[PDB]
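Here is the structure we will look at.
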Amino acid sequence: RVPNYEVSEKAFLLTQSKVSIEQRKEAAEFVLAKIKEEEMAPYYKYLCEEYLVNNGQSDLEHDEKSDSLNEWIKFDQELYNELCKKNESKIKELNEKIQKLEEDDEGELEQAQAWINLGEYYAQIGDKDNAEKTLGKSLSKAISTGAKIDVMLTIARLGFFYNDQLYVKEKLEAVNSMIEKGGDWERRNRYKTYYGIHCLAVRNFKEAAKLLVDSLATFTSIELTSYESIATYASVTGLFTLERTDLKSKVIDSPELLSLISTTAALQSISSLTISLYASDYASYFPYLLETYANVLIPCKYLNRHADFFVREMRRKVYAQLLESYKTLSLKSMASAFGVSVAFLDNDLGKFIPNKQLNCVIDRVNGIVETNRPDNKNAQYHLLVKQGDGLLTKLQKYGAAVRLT
Amino acid sequence: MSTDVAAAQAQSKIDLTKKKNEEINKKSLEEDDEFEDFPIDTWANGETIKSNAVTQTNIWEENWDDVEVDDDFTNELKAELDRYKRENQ
Amino acid sequence: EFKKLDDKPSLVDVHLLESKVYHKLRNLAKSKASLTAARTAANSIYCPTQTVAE
Amino acid sequence: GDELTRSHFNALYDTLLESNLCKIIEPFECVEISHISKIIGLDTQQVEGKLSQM
């Protein structure tokens with residue numbers, strides 16, 4: 001339970017090689033120690049899958065690639081023997097116990113428990129298939145609703161554990177159905193933190209934001225990553241969705257976030273960036289935009305997919321707020337504002353304005369930035385007609401279709 | 001394999017015994033199914049559908065990227081080089 | 001853990017201190033809850049002058 | 001010597017300013033920020049910066 005979310009993180013750094021060298025080597029050391037203790041060796045085979053002549057490979061059971069920057073990810077044959085030894089012993093000892101527990105009477109308690117213990121072992125060592133199958137029996141047997149929700153989060157943890165988003169998705173719909181059926185407040189909090197990280201892994205950050213602020217108020221340290229990691233995710237999403245007014249009220253109506261103060265490198269960078277946006281002084285914003293990429297998005301398992309997306313979106317957002325309150329700007333005063341140069345700025349702007357998603361124009365003769373964002377009724381009309389074009393379209397097709405058959 | 005929103009035409013039309021011949025005729029008129037001709041025709045299989053994360057298999061949502069070039073390396077070079085000019089100002 | 005070794009007026013001191021700590025972590029939710037508890041725990045009459053000043 | 005005065009003199013500057021500035025600008029449109037900076041008793045740049053937040 002506990003050590004699995006630790007290892008998967010640290011392994012994700014070795015799968016990449018864009019991460020700092022000291023970070024990657026220390027990460028290698030933590031995961032190797034836990035192969036001995038918790039038998040994370042079958043999980044070590046999964047890391048080679050993700051490569052094949054792609055970097056972060058130096059494997060001895062597989063193909064060793066010395067054109068790579070990782071060299072501490074040795075898949076020794078000392079490890080591989082240790083696996084076969086530990087694997088056999090544990091299956092033999094556990095089997096013998098469980099057979100005799102099933103034979104003694106009581107299906108409601110005993111036989112359900114005995115099979116759950118089978119799924120705990122296969123869950124622990126990173127065999128998904130055999131955990132699945134044995135824990136399917138546990139659910140079928142007459143057990144409380146709380147036990148089922150528990151086992152479902154345990155199966156879904158293995159999907160996080162392999163860092164495959166696909167496996168997780170299905171399992172969290174199963175809890176989403178069964179959480180209303182249990183009516184158990186205890187594990188309701190557990191659902192929120194799992195499901196927050198799933199919205200985070202997909203591009204739904206409006207939903208993630210609501211969940212990850214709630215994770216501050218109640219966190220659960222069983223099978224779930226650190227309180228500092230949950231704090232970092234809340235900050236990331238808060239900046240994404242919310243602009244000044246909404247964002248300021250979120251982190252001022254969030255006292256729990258504040259007690260935790262920044263106690264790790266990932267957390268600094270996002271927490272400092274928050275201050276600069278809603279205070280309306282983006283002087284520090286542009287250097288911090290780099291730092292947050294470096295220390296949040298690249299190391300995390302759930303934001304590396306969005307690493308490039310985040311910086312694209314945020315570059316619009318910060319500029320928009322300045323352009324909103326200013327009917328005119330000078331390129332030079334606006335260049336000073338971020339801490340950028342004049343020419344660099346035009347480039348970033350030259351991407352945002354054709355999709356017409358930022359609404360500004362730039363006189364390069366006068367040097368000024370005009371803002372053609374409508375702040376009147378013209379804006380409301382621009383919303384309305386594209387919905388009504390679609391309304392027309394939706395009825396044309398559904399109506400025509402039923403007449404024909 | 002469905003054209004626009006997959007569910008929008010899957011509910012819109014479904015099979016009938018009556019329609020089934022006419023449908024087959026439509027695909028034959030163009031002359032092929034035009035998704036199994038194309039690998040032979042080029043004499044390769046996909047690697048240029050591996051251009052972006054979203055292109056390969058849609059298991060995300062759209063970003064509106066189309067080259068997926070990290071923008072951190074360019075923003076870092078601007079940041080440092082600008083400071084130095086101001087330092088030498 | 002000192003509800004099994006409890007007769008003492010010495011937990012009044014601890015609640016008030018606790019609220020002060022929470023204030024400077026900048027979490028006022030449980031700073032307020034624990035202050036009330038300190039006030040109610042001081043509503044019984046035995047308390048020094050310093051204690052009320054705090 | 002006091003953390004607490006440093007906190008609430010931040011607050012004190014925002015409210016004293018906000019009352020002052022509203023009155024100066026009440027009957028004005030297209031008023032120069034150069035004109036405002038004299039009367040209010042603050043720097044030209046600071047005026048611009050306050051207005052943006054508001």
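Numbering starts fresh at 1 for the residues of each chain in the structure tokens, the chains themselves are lettered A, B, ... in the order given, and ligands are numbered from 1 as they appear.
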
Residues of chain B within 9 Å of chain A, only C-alpha atoms counted, as an NGL selection string: :B and (12-13 or 53 or 59-65 or 68-73 or 75-76 or 78-80 or 82-83)

Taking only C-alpha atoms into account, find every residue of chain A that has an atom no more than 9 Å from chain C, and write it out as a PDB file with C-alpha atoms, in the first residue's frame.
```
ATOM      1  CA  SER A 254      -8.150  28.285   2.053  1.00  0.00           C
ATOM      2  CA  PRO A 255      -6.456  28.350   5.488  1.00  0.00           C
ATOM      3  CA  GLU A 256      -5.443  24.703   5.282  1.00  0.00           C
ATOM      4  CA  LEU A 257      -3.149  25.382   2.303  1.00  0.00           C
ATOM      5  CA  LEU A 258      -1.402  28.034   4.361  1.00  0.00           C
ATOM      6  CA  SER A 259      -0.525  25.943   7.409  1.00  0.00           C
ATOM      7  CA  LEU A 260       1.531  23.612   5.243  1.00  0.00           C
ATOM      8  CA  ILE A 261       3.995  26.288   4.105  1.00  0.00           C
TER       9      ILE A 261
END
```

Point-to-point distance from atom CA of residue 268 of chain A to atom CA of residue 19 of chain A, Å rounded to tenths: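 Between atom CA of residue 268 of chain A and atom CA of residue 19 of chain A the gap works out to 17.5 Å.
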
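Look at residue 333 of chain A: the protein and nucleic acid residues within 12 Å of it, using only C-alpha atoms and passing over chain neighbours fewer than 2 places away, are residues 283, 322, 326, 328, 329, 330, 331, 335, 336, 337, 338, 339, 340, 341, 342, 345, 367, 368 and 369 of chain A; 45, 48 and 49 of chain D.
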
Option closest in space to chain D, from A:278, A:160, A:5, A:319 [counting only C-alpha atoms]: A:278

Helix (DSSP H, G or I) call set, DSSP backbone run, chain D, as a PyMOL selection string: chain D and resi 3-24+33-40+44-53

Suppose we keep N, CA and C atoms; can you now write the selection as a tab-separated table (two decimals), in the first residue's frame?
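So the final result, stored in selection.tsv, reads:
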```
chain	number	residue	atom	x	y	z
D	3	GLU	N	5.61	42.52	14.35
D	3	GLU	CA	5.16	41.93	13.10
D	3	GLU	C	3.80	42.46	12.70
D	4	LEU	N	2.97	42.74	13.71
D	4	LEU	CA	1.55	42.94	13.51
D	4	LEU	C	1.27	44.32	12.93
D	5	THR	N	2.10	45.31	13.27
D	5	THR	CA	1.94	46.64	12.68
D	5	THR	C	2.38	46.67	11.23
D	6	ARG	N	3.37	45.84	10.88
D	6	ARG	CA	3.83	45.79	9.50
D	6	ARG	C	2.76	45.20	8.60
D	7	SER	N	2.06	44.18	9.10
D	7	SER	CA	0.89	43.63	8.41
D	7	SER	C	-0.16	44.71	8.17
D	8	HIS	N	-0.61	45.37	9.22
D	8	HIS	CA	-1.79	46.21	9.11
D	8	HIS	C	-1.49	47.65	8.71
D	9	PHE	N	-0.22	48.02	8.56
D	9	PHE	CA	0.08	49.25	7.83
D	9	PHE	C	0.05	49.01	6.32
D	10	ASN	N	0.12	47.75	5.87
D	10	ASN	CA	-0.14	47.45	4.46
D	10	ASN	C	-1.59	47.77	4.15
D	11	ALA	N	-2.47	47.25	5.01
D	11	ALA	CA	-3.90	47.47	4.90
D	11	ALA	C	-4.24	48.94	5.02
D	12	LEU	N	-3.55	49.63	5.92
D	12	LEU	CA	-3.82	51.03	6.18
D	12	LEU	C	-3.53	51.88	4.94
D	13	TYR	N	-2.52	51.51	4.16
D	13	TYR	CA	-2.17	52.30	2.97
D	13	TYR	C	-3.20	52.11	1.86
D	14	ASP	N	-3.73	50.90	1.70
D	14	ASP	CA	-4.72	50.65	0.66
D	14	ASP	C	-6.01	51.43	0.88
D	15	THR	N	-6.52	51.47	2.12
D	15	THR	CA	-7.80	52.14	2.35
D	15	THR	C	-7.67	53.66	2.38
D	16	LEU	N	-6.60	54.20	2.98
D	16	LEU	CA	-6.43	55.65	2.98
D	16	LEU	C	-6.31	56.14	1.55
D	17	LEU	N	-5.63	55.37	0.71
D	17	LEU	CA	-5.43	55.72	-0.68
D	17	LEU	C	-6.74	55.66	-1.45
D	18	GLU	N	-7.49	54.58	-1.25
D	18	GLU	CA	-8.68	54.37	-2.06
D	18	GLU	C	-9.69	55.48	-1.85
D	19	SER	N	-9.85	55.94	-0.61
D	19	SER	CA	-10.75	57.05	-0.36
D	19	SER	C	-10.24	58.31	-1.03
D	20	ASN	N	-8.95	58.56	-0.92
D	20	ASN	CA	-8.36	59.77	-1.47
D	20	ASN	C	-8.55	59.84	-2.98
D	21	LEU	N	-8.30	58.72	-3.66
D	21	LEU	CA	-8.23	58.72	-5.12
D	21	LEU	C	-9.62	58.85	-5.74
D	22	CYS	N	-10.62	58.21	-5.14
D	22	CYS	CA	-11.97	58.29	-5.68
D	22	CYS	C	-12.45	59.73	-5.75
D	23	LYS	N	-12.07	60.54	-4.77
D	23	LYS	CA	-12.58	61.91	-4.69
D	23	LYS	C	-11.95	62.76	-5.78
D	24	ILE	N	-10.63	62.64	-5.95
D	24	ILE	CA	-9.92	63.39	-6.98
D	24	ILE	C	-10.54	63.12	-8.35
D	33	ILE	N	-2.78	61.27	-15.76
D	33	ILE	CA	-2.14	60.73	-14.57
D	33	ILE	C	-1.01	61.64	-14.09
D	34	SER	N	-0.48	62.52	-14.96
D	34	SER	CA	0.46	63.54	-14.50
D	34	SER	C	-0.23	64.55	-13.58
D	35	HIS	N	-1.45	64.96	-13.93
D	35	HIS	CA	-2.22	65.86	-13.07
D	35	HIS	C	-2.55	65.21	-11.73
D	36	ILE	N	-2.95	63.94	-11.74
D	36	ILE	CA	-3.31	63.24	-10.50
D	36	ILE	C	-2.11	63.14	-9.57
D	37	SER	N	-0.92	62.90	-10.13
D	37	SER	CA	0.24	62.57	-9.31
D	37	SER	C	0.67	63.73	-8.42
D	38	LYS	N	0.46	64.96	-8.88
D	38	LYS	CA	0.72	66.12	-8.03
D	38	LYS	C	-0.25	66.16	-6.85
D	39	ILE	N	-1.55	66.20	-7.14
D	39	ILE	CA	-2.52	66.51	-6.10
D	39	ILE	C	-2.54	65.41	-5.04
D	40	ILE	N	-2.48	64.15	-5.47
D	40	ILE	CA	-2.66	63.05	-4.51
D	40	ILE	C	-1.50	62.98	-3.54
D	44	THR	N	3.95	59.29	-9.90
D	44	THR	CA	3.18	59.07	-11.12
D	44	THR	C	2.97	57.58	-11.37
D	45	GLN	N	4.01	56.77	-11.20
D	45	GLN	CA	3.87	55.35	-11.52
D	45	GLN	C	2.92	54.65	-10.56
D	46	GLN	N	2.92	55.05	-9.29
D	46	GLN	CA	2.10	54.35	-8.31
D	46	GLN	C	0.61	54.49	-8.63
D	47	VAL	N	0.21	55.67	-9.12
D	47	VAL	CA	-1.18	55.90	-9.48
D	47	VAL	C	-1.64	54.88	-10.52
D	48	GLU	N	-0.86	54.74	-11.59
D	48	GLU	CA	-1.17	53.77	-12.63
D	48	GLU	C	-1.36	52.38	-12.04
D	49	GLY	N	-0.51	52.03	-11.08
D	49	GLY	CA	-0.48	50.66	-10.60
D	49	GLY	C	-1.69	50.33	-9.75
D	50	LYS	N	-2.14	51.30	-8.96
D	50	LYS	CA	-3.29	51.10	-8.10
D	50	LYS	C	-4.54	50.88	-8.93
D	51	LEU	N	-4.71	51.72	-9.95
D	51	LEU	CA	-5.90	51.69	-10.79
D	51	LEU	C	-6.08	50.35	-11.47
D	52	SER	N	-4.98	49.67	-11.79
D	52	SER	CA	-5.07	48.40	-12.49
D	52	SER	C	-5.75	47.35	-11.64
D	53	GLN	N	-5.39	47.30	-10.36
D	53	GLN	CA	-5.99	46.35	-9.43
D	53	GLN	C	-7.48	46.58	-9.33
```

Who sits within 8 Å of segment 7-14 of chain C, only C-alpha atoms, same chain under 5 positions skipped, as a PyMOL selection string: chain C and resi 38+41-42+51

Export of prior selection with C-alpha atoms as a PDB file, in the first residue's frame:
```
ATOM      1  CA  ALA C  38     -10.047  27.732  26.016  1.00  0.00           C
ATOM      2  CA  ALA C  41     -12.417  25.765  29.868  1.00  0.00           C
ATOM      3  CA  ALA C  42     -11.809  29.088  31.646  1.00  0.00           C
ATOM      4  CA  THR C  51      -4.469  33.492  32.336  1.00  0.00           C
TER       5      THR C  51
END
```

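Between atom CA of residue 36 of chain A and atom CA of residue 114 of chain A lies a distance of 25.7 Å.
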